[PDB]
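Here Cβ is always computed from backbone atoms with ideal geometry, including for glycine, and neighbour counts include all displayed protein chains. Where a number appears in this text, it was derived from the coordinates with a stated rule and is not lab data.
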Amino acid sequence: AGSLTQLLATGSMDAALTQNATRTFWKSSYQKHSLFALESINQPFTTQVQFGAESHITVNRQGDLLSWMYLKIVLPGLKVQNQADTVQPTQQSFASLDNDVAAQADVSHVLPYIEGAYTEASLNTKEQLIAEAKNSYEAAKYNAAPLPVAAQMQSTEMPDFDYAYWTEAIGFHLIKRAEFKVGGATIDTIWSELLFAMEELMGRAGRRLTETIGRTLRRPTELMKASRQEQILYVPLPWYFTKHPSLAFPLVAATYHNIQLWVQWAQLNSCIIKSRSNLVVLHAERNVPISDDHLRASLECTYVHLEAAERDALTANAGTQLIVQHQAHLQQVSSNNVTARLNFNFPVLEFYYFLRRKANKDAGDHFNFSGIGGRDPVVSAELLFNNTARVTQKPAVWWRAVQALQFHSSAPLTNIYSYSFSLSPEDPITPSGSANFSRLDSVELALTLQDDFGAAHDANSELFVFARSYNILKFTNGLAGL
Amino acid sequence: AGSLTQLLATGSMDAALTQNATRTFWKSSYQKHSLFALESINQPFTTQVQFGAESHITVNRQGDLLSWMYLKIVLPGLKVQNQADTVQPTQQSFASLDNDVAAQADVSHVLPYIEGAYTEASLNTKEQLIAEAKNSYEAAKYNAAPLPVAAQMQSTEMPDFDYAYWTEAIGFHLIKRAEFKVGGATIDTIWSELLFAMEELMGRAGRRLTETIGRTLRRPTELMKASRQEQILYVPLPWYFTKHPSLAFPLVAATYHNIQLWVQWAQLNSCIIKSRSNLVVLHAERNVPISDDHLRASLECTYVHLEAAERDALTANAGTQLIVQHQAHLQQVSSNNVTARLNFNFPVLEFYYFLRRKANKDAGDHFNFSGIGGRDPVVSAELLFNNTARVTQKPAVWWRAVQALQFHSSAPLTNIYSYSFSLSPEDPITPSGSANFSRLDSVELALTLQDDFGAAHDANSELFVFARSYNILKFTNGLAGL
Amino acid sequence: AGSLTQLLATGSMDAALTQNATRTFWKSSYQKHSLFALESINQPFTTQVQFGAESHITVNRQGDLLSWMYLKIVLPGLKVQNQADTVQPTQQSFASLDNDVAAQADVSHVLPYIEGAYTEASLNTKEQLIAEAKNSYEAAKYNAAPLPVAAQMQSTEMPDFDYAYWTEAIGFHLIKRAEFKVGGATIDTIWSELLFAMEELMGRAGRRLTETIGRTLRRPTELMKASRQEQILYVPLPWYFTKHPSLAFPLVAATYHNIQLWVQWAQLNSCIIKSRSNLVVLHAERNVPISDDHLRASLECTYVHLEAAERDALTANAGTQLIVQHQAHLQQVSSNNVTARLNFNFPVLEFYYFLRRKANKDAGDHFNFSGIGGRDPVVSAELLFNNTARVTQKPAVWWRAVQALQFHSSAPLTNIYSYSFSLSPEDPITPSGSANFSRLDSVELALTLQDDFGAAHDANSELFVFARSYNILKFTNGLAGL
Amino acid sequence: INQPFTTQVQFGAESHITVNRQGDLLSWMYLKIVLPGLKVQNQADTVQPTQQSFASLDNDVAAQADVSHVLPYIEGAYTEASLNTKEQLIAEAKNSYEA
């Protein structure tokens, strides 16, 4: 009686929701699709792959569309030997944990707050004086309550043996820059720092790229274990056509253009960290000093094979694809107040920004975007259009956590900040908002950074700003162009 | 030959799926949208913000729609001083870890199972006797196999120094109640306990509110670290209009109504936990005793600016929005059998329920919904409509884990139970089932709780029941009303 | 001036995106739906439930559709007693940690690399010699750099007391096979190993089945704690009709067919692990030796009640549902080169494969798909259609991590490999690609495994291959059939 | 006509029987129960002493509960009294309680 009465208890308001219902929950409807197949094919670079060099590949035409694209990287296992035991000790310098430049830079900021005879003190007494000076510095700069000295003395249990390892997220760090080219024109460009920021914000829970890029979430002991043997990494290249099947790049519609991936590789000296400064780093299998020619890479592409009728239709009329392109503003930081002039073009969906200390970069911690003592490097930021506040001054947590909560699949674990003009900037096919920067005379991101950011040992810290913008790729008569 | 043969190998069954295909995977189609912009604007309260008080804000009209809404809370850093060293030691009482009322309440239930001279025993001997009595209690009540005494002696390594900290998820706890008002009518009401339950069930992986609300997942050492300095929290207010862009509140259509947020704040005594009972809690920067006027809050609103044509269309005909409203049944618990009479109205989508021990509340652990010794407080529950079983007796795990698995984005880490009448209760725009409680003469939730729940030291434990219900908000001639 | 200028700054390209816009972000539209209700009902098996037996249930007709289906399993708490203290010590043998067959099998592979007097060595000296021999084995087989001996000596802190526990993910392990039958015909079959693989790949972040199936992520101390008391598990049965509301099984349309669930239960000897070989395992409450009749299970079904008009429409014309069926190829492995001949039928969406060592199975670690020493058991795999490479030789990481990244909600934590022909194999209602195996004369999965896989103590290791295939379920005149 | 259960019959379980159609009407219905004879043995003499707990007359919980209500009416040194003296004091306290 009650359940039937609920179906009868309808009024004029229910008519807007349920009158002439076009859907039922109790019967499945499905759509028929055209026939297609997927094939993954690995392809060698056209030029030699080496650390610090640029290499390119011309993408083969082994199907009708191009869908997924992965850079397959093979890194050798690492071993170490004392320089005294080596017949040829001359190698490039690597970052070493016995010379922690990041910890030395952090100590340099607290030196003015050390009370007593620091120079003559025992090692254990120096560690105590540094922890007390950190409390005095943080009280003076941040009105922070002092932490117990014992809580600041975190011994990272480092192993009592010699090692070397590939840096955190080495699969991204290796790709300093990649360019997707069609007919000799650059269609899009991605950077190591952008790839990491995109994975932090858009990386879905349970599908994080951890193993696929050599990322351990800053657990040095896991990087050491992984680096003792050969590593095979599959780094996704997040081009517009890899984001949705309807955006797959129509190879058949671009028949008269070569499709190329260009990759600028990281220098070998930046890719490795060692336990001690006096160690030589060896290729674990070959027992020779590690060299720039030990980098191996290939391109793994997923091709789509279409039925003849769909292939012929796509060849006759591929039309236009909405694309997202990436733009970069890279700036050196030498002061706590920084203004970035964002000379980006087109309808910008969103931008990302973050800072890297010089000391973190020099320590080989390339994706450590933290400030001094691991703090947030940004105090506040403001966004100006033509000297008018588009976003008034907001604290770092608003740009990092509130923007990520509103617009992104994930909140960043590092100090990555974002701002979206789009309601759904991760939707590759549905435009949901933008600001046209080609119609603004000035776009300025004004930053107030933490105290002493870009001073002394951190002179030439880096500001990264990346923007995502809409453009249109047009296919006509076997040619493709922006 | 094989791939072409697959495209030809079609029969009468494939016609239902692929005949006259209206979609292709090999060409992107996109829709054009109207022009809009988003602006985030921070606004002060119209009344003073203080602990234990009620404050309100009249929301400004700085755009055409209202989308996201965050309560921006600023909490001072905490320090502690001995009461003997303080010129004015008189402060409100705070929960203290040297007087663990929750642990004392748990010990009170096992006192009848202590064999031997408990009163005269050494401290280490008392801890052994309590762990043995816990085994005897759990064997007698639950037929549990005894745990090794050493496995029950979990020392939480508490630091050997003085501290105070803001309670777990302080950003939610501060909001005892918030009311969204339009034209003086309450459109919706949210509670601290509901906000926490909603984040447990609907909080997406990689987008949990942890930092934004001061939540550490019960790691006291992280709450201590965070509480030594100023904290800025961004607490999302999950109103119907914040859930989807098409539900954004049409400011232009409600021109003759004031829009107000009212917030009832938590008492300061409930917000802080200290290491010892004899400590005074100080504002870390000001070096004065912490007081009710040290709470600071503002409202951060995201406005939408529309193109004139869409703004004019929305002003002429905003029509009706489907809304979700929240209802609450709050009850004291003094017996292991509890019947809650759910006097909720309208088409209910779902309800949540959970229990809080008096001892957990008094210990300042406001979101600890566990039973005695951290067990599940519910043994079983039944749902009755007009004295007829709508859901027959089911064990706690069915209401907690099976209902969350079927209908929610996440399973709760705490003892939160749910039941959905909707197939998709997290979809804000598509009704997918409900029960109309305004047409039921009685709705009863019958609970069998764990033994001794609501007895002795837990007299006046709390039952929370929250329901989500459909209603319609109508916009007409510059006015808005339910 | 700028925001209005952006709305005016439109060209011929914007017309494809925004001309005649059929959607606005500033007004919600909702659809009305038909009236329905959900009811969860628990039902006993029609036959006795026992370990190692087959049991069936005839599903009741308590609503119009069948939606969710959970196997509710109740396992007793475990206790242990010395065999010498037991009046009837005769019980089935259980795996024991004092006889670690998996560790003994791993040691057997490194015996040829032990230098010195192993047989006469002290226990601590034998552990050192085994760790050194592991380095020599791994250097010889994999060109691995040696790990420090201290880093290989992981003591799992096992408790110094007697225990027994239910094996990891016992809720899946108990279900050796389940069959969904309609009118005496098997519509679909699921296996324990498939259920685990499906949860690894398709299990969403924050909705993993951990507690619901007794899974701890290989933390033996948590399995021990859980196994001391009665456990209630809710194992989801992932049939086609549980995946989407529009696929709910139409009970009213199948009126003349009995609906049955058949379950083949695991043997009791495989379900329990004990600290020592000389222990008897007891039912914790009853204080009797654990026996095959101590398994309890029931079926929890969610019924849908429809409004009379929708019920009558569905009875008159339920038509056809697209279904996914599961197929299995199970093979013994006795060599490092393995070819699996996949005699699967119909349009295959995707397949999963993985290996289990005999030693891992015999140790009771049923979902440990790792190789020797916890390594990846697959070096490479190739997929052939009619002796032509459909997927050329690819390394294990491509089949495990790249395929999961492209097509699945999660990456597997275990050595589960997949390959999809579908762009969205987790979409239950939208076909997005397949390969028709009923039109291929041969489908071969060729595997190169790690060295010594399937040799000596691992003779009769297992290869599992599972495929997901499309079929059609037809409803006509109160009957249902494939 | 006597008919077996369709499911196993066990203590603490649920069992069902589908009633046969051996005539035109069903009149009387009796549950025929067969219980084994009981014996007892000392737990010390038993090779497997682990059994469910049973109520025992040496631990009369009903008599102990009745004594608990009269404890406030016991005059004198109850704790130190001989068994026969405790029985007297309980009977006197019962009179005082009932008065």
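For region B:326-360: of the residues being more than 16 Å from the chain's Cα centre (by Cα) and aromatic (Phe, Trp, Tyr), which is farthest from B:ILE372 (Cα to Cα)?
In this case the residue turns out to be B:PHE346.
Considering only residues of region B:43-62 that are touching a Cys at 6+ places or on another chain (Cβ under 9 Å) and crowded, with 19+ Cβ neighbours inside 10 Å, which is farthest from the other protein chains (Cβ to nearest Cβ)?
B:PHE51
If only one of B:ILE273, B:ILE323 is β-branched (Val, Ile, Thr), within 24 Å of the chain's Cα centre (by Cα) and within 13 Å of another protein chain (Cβ to nearest Cβ), which one is it?
Details: B:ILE273 fails: within 13 Å of another protein chain (Cβ to nearest Cβ).
Of the residues listed, the single one that is β-branched (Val, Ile, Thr), within 24 Å of the chain's Cα centre (by Cα) and within 13 Å of another protein chain (Cβ to nearest Cβ) is B:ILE323.
Being within 9 Å of another protein chain (Cβ to nearest Cβ), within 25 Å of the chain's Cα centre (by Cα) and farther than 30 Å from C:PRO146 by Cβ narrows it down to one of A:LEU306, A:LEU247, A:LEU261, so name that one.
Values: A:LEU306 fails: within 25 Å of the chain's Cα centre (by Cα); A:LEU261 fails: within 9 Å of another protein chain (Cβ to nearest Cβ).
After applying the criteria, what remains is A:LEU247.
Does region D:18-27 include one or more residues that are under 28 Å from the mean Cα position of the chain (by Cα) and free of Cβ contacts under 8 Å to residues at least 40 places away in the same chain? Before the answer, list the steps.
Looking only at region D:18-27, we keep the residues that are under 28 Å from the mean Cα position of the chain (by Cα), and these are none.
No; the residues of region D:18-27 include none that is under 28 Å from the mean Cα position of the chain (by Cα) and free of Cβ contacts under 8 Å to residues at least 40 places away in the same chain.
Yes or no: B:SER34 over 30 Å from C:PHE421 (Cβ atoms), within 9 Å of chain C (Cβ to nearest Cβ) and polar (S, T, N, Q)? I'd like the intermediate steps shown before the answer.
Details: over 30 Å from C:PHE421 (Cβ atoms): yes; within 9 Å of chain C (Cβ to nearest Cβ): yes; polar (S, T, N, Q): yes.
Yes: the conditions hold for B:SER34.
If we scan region A:189-208, do we find a residue that is among the hydroxyl-bearing types (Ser, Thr, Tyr), more than 27 Å from A:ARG375 (Cβ to Cβ) and touching a residue at least 24 places away in the same chain (Cβ under 8 Å)? Write out each step before concluding.
Initial filter on region A:189-208 (among the hydroxyl-bearing types (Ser, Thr, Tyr)): A:189, A:192.
Adding the requirement that they be more than 27 Å from A:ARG375 (Cβ to Cβ) leaves A:189.
With touching a residue at least 24 places away in the same chain (Cβ under 8 Å) added as a condition, the list becomes A:189.
Yes, there is a match, as at least one residue in region A:189-208 is among the hydroxyl-bearing types (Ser, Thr, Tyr), more than 27 Å from A:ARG375 (Cβ to Cβ) and touching a residue at least 24 places away in the same chain (Cβ under 8 Å).
Does C:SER93 satisfy the criteria of being touching a residue at least 40 places away in the same chain (Cβ under 8 Å), among the hydroxyl-bearing types (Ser, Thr, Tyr) and either surrounded by 20 or more Cβ atoms within 10 Å (Cβ to Cβ) or not in a strand (DSSP E or B) (or both)? Before the answer, list the steps.
Numbers: touching a residue at least 40 places away in the same chain (Cβ under 8 Å): yes; among the hydroxyl-bearing types (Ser, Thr, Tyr): yes; either surrounded by 20 or more Cβ atoms within 10 Å (Cβ to Cβ) or not in a strand (DSSP E or B) (or both): yes.
Yes.
Residue under question is C:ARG177, and the condition is that it be of a type in the set (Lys, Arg), within 29 Å of the chain's Cα centre (by Cα) and away from chain A (no Cβ under 14 Å); does it hold? Lay out the reasoning, then the answer.
Values: of a type in the set (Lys, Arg): yes; within 29 Å of the chain's Cα centre (by Cα): yes; away from chain A (no Cβ under 14 Å): yes.
Judged against the criteria, C:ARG177 is a match.
Which pairs turn up if I take residues in region A:49-68 that are basic (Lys, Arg) and look for partners that are outside any loop (DSSP other than H, G, I, E, B) with beta carbon separation below 8 Å, at least 6 apart in sequence or on another chain?
Close Cβ pairs (under 8 Å, with a partner that is outside any loop (DSSP other than H, G, I, E, B)) amount to A:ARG61/A:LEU251.
Scan region C:412-453 residue by residue and report those that are touching a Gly at 6+ places or on another chain (Cβ under 9 Å) and free of Cβ contacts under 8 Å to residues at least 12 places away in the same chain.
Scanning region C:412-453 gives a single hit, C:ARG439.
Any idea which of A:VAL74, A:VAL59, A:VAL87, A:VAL80 is under 23 Å from A:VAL281 (Cβ atoms) and within 27 Å of the chain's Cα centre (by Cα)?
Working: A:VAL59 fails: under 23 Å from A:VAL281 (Cβ atoms); A:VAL87 fails: within 27 Å of the chain's Cα centre (by Cα); A:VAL80 fails: within 27 Å of the chain's Cα centre (by Cα).
Residue meeting the stated conditions: A:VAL74.
Could you grab me the full set of residues in region C:38-66 that are aliphatic (A, V, I, L, M) and out of contact with any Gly (no Cβ under 7 Å at 6 or more places or on another chain)?
In the first step, residues of region C:38-66 are kept if they are aliphatic (A, V, I, L, M); the result is C:38, C:41, C:49, C:53, C:57, C:59, C:65-66.
C:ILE41, C:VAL49, C:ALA53, C:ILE57, C:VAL59, C:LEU65, C:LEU66, listed by residue number.
Search region B:133-160 for residues being in contact with a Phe, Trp or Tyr (Cβ under 8 Å, 6 or more places away or on another chain) and away from chain C (no Cβ under 14 Å), and hand back the single one that is nearest to B:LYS274 (Cα to Cα).
Among residues in region B:133-160 that are in contact with a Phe, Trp or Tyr (Cβ under 8 Å, 6 or more places away or on another chain) and away from chain C (no Cβ under 14 Å), the one nearest to B:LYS274 (Cα to Cα) is B:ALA133.
Among the candidates C:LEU17, C:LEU8, C:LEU4, C:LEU65, which residue alone is out of contact with any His (no Cβ under 8 Å at 6 or more places or on another chain), at the interface with another protein chain (Cβ under 7 Å from one of its Cβ atoms) and either more than 28 Å from D:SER15 (Cα to Cα) or not aromatic (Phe, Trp, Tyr) (or both)?
Testing whether each residue is out of contact with any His (no Cβ under 8 Å at 6 or more places or on another chain), at the interface with another protein chain (Cβ under 7 Å from one of its Cβ atoms) and either more than 28 Å from D:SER15 (Cα to Cα) or not aromatic (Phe, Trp, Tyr) (or both) leaves just C:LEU65.
Please find, within region B:400-451, the residue that is nearest to the other protein chains (Cβ to nearest Cβ) out of those that are more than 21 Å from B:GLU382 (Cβ to Cβ) and among the hydroxyl-bearing types (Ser, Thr, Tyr).
Only one residue fits best here, namely B:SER410.
Hey, can you tell me all the residues within region A:274-318 that are in contact (Cβ under 8 Å) with a residue 24 or more places away in the chain, assigned to a loop (DSSP other than H, G, I, E, B) and closer than 28 Å to B:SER28 by Cβ?
A:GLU307, A:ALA318, listed by residue number.
Residues in region B:389-418 that are more than 18 Å from C:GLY206 (Cα to Cα) and in a strand (DSSP E or B): how many? Reasoning before the result, please.
Filtering region B:389-418 for residues more than 18 Å from C:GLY206 (Cα to Cα) gives B:389-396.
Okay, now just the ones that are also in a strand (DSSP E or B), so B:389-395.
Result for region B:389-418: 7.
Inspect all residues belonging to region B:62-73 and state whether any of them is among the polar types (S, T, N, Q), out of contact with any strand residue (DSSP E or B) (no Cβ under 7 Å at 6 or more places or on another chain) and more than 24 Å from B:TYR163 (Cβ to Cβ). Steps first, please.
Filtering region B:62-73 down to residues among the polar types (S, T, N, Q) leaves B:62, B:67.
Right, trim to out of contact with any strand residue (DSSP E or B) (no Cβ under 7 Å at 6 or more places or on another chain) and you get none.
No: zero hits.
Residues are listed down the side, and each one gets a yes or a no for (1) surrounded by 10 or more Cβ atoms within 10 Å (Cβ to Cβ); (2) β-branched (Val, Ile, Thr):
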{"site": "D:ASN2", "(1), (2)": "no, no"}
{"site": "D:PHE5", "(1), (2)": "yes, no"}
{"site": "D:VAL9", "(1), (2)": "yes, yes"}
{"site": "D:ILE17", "(1), (2)": "yes, yes"}
{"site": "D:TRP28", "(1), (2)": "no, no"}
{"site": "D:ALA65", "(1), (2)": "no, no"}
{"site": "D:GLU75", "(1), (2)": "no, no"}
{"site": "D:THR79", "(1), (2)": "no, yes"}
{"site": "D:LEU89", "(1), (2)": "yes, no"}
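Which residues, taken from region A:424-439, are of a type in the set (A, V, I, L, M, F, W, C) and either surrounded by fewer than 22 Cβ atoms within 10 Å (Cβ to Cβ) or in contact with a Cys (Cβ under 7 Å, 6 or more places away or on another chain) (or both)?
Filtering region A:424-439 for residues of a type in the set (A, V, I, L, M, F, W, C) gives A:429, A:435, A:437.
Of everything in region A:424-439, those that are of a type in the set (A, V, I, L, M, F, W, C) and either surrounded by fewer than 22 Cβ atoms within 10 Å (Cβ to Cβ) or in contact with a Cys (Cβ under 7 Å, 6 or more places away or on another chain) (or both) turn out to be A:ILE429, A:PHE437.
Do any helices (runs of 4 or more DSSP H) entirely within region C:152-227 hold 1 or more residues that are at negative phi and of a type in the set (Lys, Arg), and if so, which?
Numbers: elements: C:170-173, C:192-202, C:210-213, C:220-227.
Those helices (runs of 4 or more DSSP H) span C:220-227.
With respect to D:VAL67, is the statement that it is β-branched (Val, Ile, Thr) and within 30 Å of C:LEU282 (Cβ to Cβ) true?
Values: β-branched (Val, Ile, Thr): yes; within 30 Å of C:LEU282 (Cβ to Cβ): no.
In short, no.
Filter region B:225-252 down to residues that are farther than 19 Å from B:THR186 by Cβ and aliphatic (A, V, I, L, M), then give me how many there are.
Step one: filter region B:225-252 for residues farther than 19 Å from B:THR186 by Cβ, giving B:225-236, B:244-246, B:248, B:252.
So of that shortlist, the ones also aliphatic (A, V, I, L, M) come out as B:226, B:232-233, B:235, B:248, B:252.
The qualifying residues number 6.
Confirm whether C:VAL101 is among the aliphatic types (A, V, I, L, M) and within 14 Å of chain D (Cβ to nearest Cβ). Quick ask: steps written out before the conclusion?
On the way: among the aliphatic types (A, V, I, L, M): yes; within 14 Å of chain D (Cβ to nearest Cβ): no.
When the stated conditions are applied, C:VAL101 does not pass them.
Kindly indicate the residue of region B:368-392 that is among the β-branched types (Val, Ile, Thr) and farther than 24 Å from B:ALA102 by Cβ and also surrounded by the fewest Cβ atoms within 10 Å (Cβ to Cβ) among those meeting that condition. Spell out how you get there, then give the answer.
Going residue by residue through region B:368-392, those that are among the β-branched types (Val, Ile, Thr) are B:372, B:378-379, B:388, B:391-392.
Checking the rest, the ones that are also farther than 24 Å from B:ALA102 by Cβ come to B:388, B:391-392.
Values: B:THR388: 9, B:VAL391: 19, B:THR392: 13.
The selected residue is B:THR388.
Looking at B:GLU115, B:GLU168, which one is under 24 Å from B:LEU209 (Cβ atoms) and acidic (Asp, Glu)? Show your work before the answer.
Numbers: B:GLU115 fails: under 24 Å from B:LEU209 (Cβ atoms).
Of B:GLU115, B:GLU168, the one residue that is under 24 Å from B:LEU209 (Cβ atoms) and acidic (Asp, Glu) is B:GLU168.
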